[PDB]
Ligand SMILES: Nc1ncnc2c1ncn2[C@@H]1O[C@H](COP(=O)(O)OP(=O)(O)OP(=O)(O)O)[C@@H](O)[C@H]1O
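Next up: a single chain in structure tokens, the form solved without this ligand.
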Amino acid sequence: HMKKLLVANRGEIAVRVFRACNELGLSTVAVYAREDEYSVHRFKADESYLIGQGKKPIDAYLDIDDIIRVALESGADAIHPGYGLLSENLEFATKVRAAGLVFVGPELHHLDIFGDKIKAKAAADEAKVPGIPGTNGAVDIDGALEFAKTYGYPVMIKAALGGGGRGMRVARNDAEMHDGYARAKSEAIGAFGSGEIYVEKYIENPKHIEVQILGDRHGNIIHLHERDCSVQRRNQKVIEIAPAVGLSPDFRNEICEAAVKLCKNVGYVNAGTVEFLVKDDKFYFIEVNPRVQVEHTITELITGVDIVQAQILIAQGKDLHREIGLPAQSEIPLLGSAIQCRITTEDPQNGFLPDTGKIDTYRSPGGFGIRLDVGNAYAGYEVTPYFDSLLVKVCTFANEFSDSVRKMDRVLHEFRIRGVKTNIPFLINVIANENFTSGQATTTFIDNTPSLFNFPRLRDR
């Protein structure tokens, strides 16, 4: 029935959905701002229409009514939002489904439940998936100390500020509880005059584990194993590997089963990611991303399952096993390991500020075990400051994690992007580290390894 699909996004994810639609025999429609007129994704579609005229380009890509008008005028039957712009916007999906179009994503109840921290926590508690294990809703200093007694140490507080502000207090010594709560409440009453006091069990050096979930409208929910997104610079993802080679396979299966149980309890449809924090055989639920992730490519590599094609086919209403052809959960293969590096314009010698300018040289590696998902990184492209810093996603996969590391080193040295500074020396330093190659990297690994910032002098004749 569905014949034409509009992508309400830009960059590499728009090209990825375009490739999936062309492989599924669907016509493609692109949208682009005036400042994004030289984007690759504009010319990779059958139709391209300017949206958000007279607006800021990132506001143009958030224009719900303009995108819906373009989809209606072009005859598009479906809208794929990609990620990061309107993929989790409840109003956009509501208006798209009210216009008669197909929103390639989860249902509206999933979108508002996982777009709200309280609702997501309530769903996780209903599905018996443990979060960060404290009596957080208790508001008392005596409540805080008894909370410290019943589960344990350390304890990190939210007495400083309500929304988006954390106390972040290190509590180890038994007297440090008492005087730290004293100073924390003394600072808390003077802070803003009004707020909310929350308690939280602090997790020291956790592992960020995400489980990829696919679900159709018929009720079949499968997981596509997990990814390790622990390599993070200031709570921002740098390198994601799949599967979590550091963790034992039975523990990874347990985490994936917990994610499957949660998504089956909420009745999840289409693609989604369940995030976790992992520490010494304990895992804690954090969030559900109700959209396709940037690092879905390594899951595709290690499972052999086209996630975007499955997204479109589930949006068509097809069964996960009968019509799409995905096997049962026990028959989902683990084809090996895979590493994703996001090459951006962030200059690591300049405090990871996104560089701008014209790319004069672009050479892309290839060969065995290499996957490329390029954005706008061609030679002669002018890097605008409006959009994301990402140039190209490079994915290396092999039967063994060590060969994936070796191939990633080969392609990071082979990659030649000139005219703008890239994070390639930082990525080389990270994959050269013995913690990452062993797979024992945690979320605090980047900030606690200053040797990653010693970049050698490049001659550049």
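In this text, rigid core is short for the largest set of C-alphas that superpose within 1.5 Å between two forms. Only residues modelled in both forms are compared. One rule holds for the numbers: they count along the sequence shown, beginning at 1.
Omitted here: the form deposited with this ligand bound. The next part is about that form.
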item	value
Non-hydrogen atom within 4.5 angstroms of this ligand in the deposited bound form for each of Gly165, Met168 and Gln232	yes
Contact flag, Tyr202 vs this ligand in the deposited bound form, heavy atom cut 4.5 Å	yes
Contact flag, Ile286 vs this ligand in the deposited bound form, heavy atom cut 4.5 Å	yes
Exercise: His208 in contact with this ligand in the deposited bound form, heavy atom 4.5 Å	yes
Any non-hydrogen atom of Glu346 within 4.5 angstroms of this ligand in the deposited bound form	no
Interface stretch in the deposited bound form with this ligand - options 287-295, 145-153, 328-336, 260-268, non-hydrogen atom within 4.5 Å	287-295
Residue (of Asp355, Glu107, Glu275, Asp77) lying close to this ligand in the deposited bound form, criterion heavy atoms within 4.5 Å	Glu275
Selected contact from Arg371, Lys158, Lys318, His225, since only one has a non-hydrogen atom within 4.5 angstroms of this ligand in the deposited bound form	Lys158
Residues of stretch 421-452 in contact with this ligand in the deposited bound form (4.5 Å, non-hydrogen atom)	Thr443
Rigid core superposition between this form and the one not shown: residue from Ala123, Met156, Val305, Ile286 with Cα shift of 2 Å or more	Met156
Post core alignment: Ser248 C-alpha displaced by 2 Å or more between this form and the one not shown	no
Post core alignment: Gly180 C-alpha displaced by 2 Å or more between this form and the one not shown	yes
C-alpha of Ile141 off by 2 Å or more between this form and the one not shown on rigid core	yes
Cα distance between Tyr153 and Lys282, which in the deposited bound form differs by 3 Å or more from this form, closer or farther	farther
Inter-Cα distance between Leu145 and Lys282 in the deposited bound form, nearer or further [3 Å or more]	farther
Mobile segments between this form and the one not shown [3+ consecutive residues, each C-alpha shifted 2 angstroms or more, core superposed]	133-202
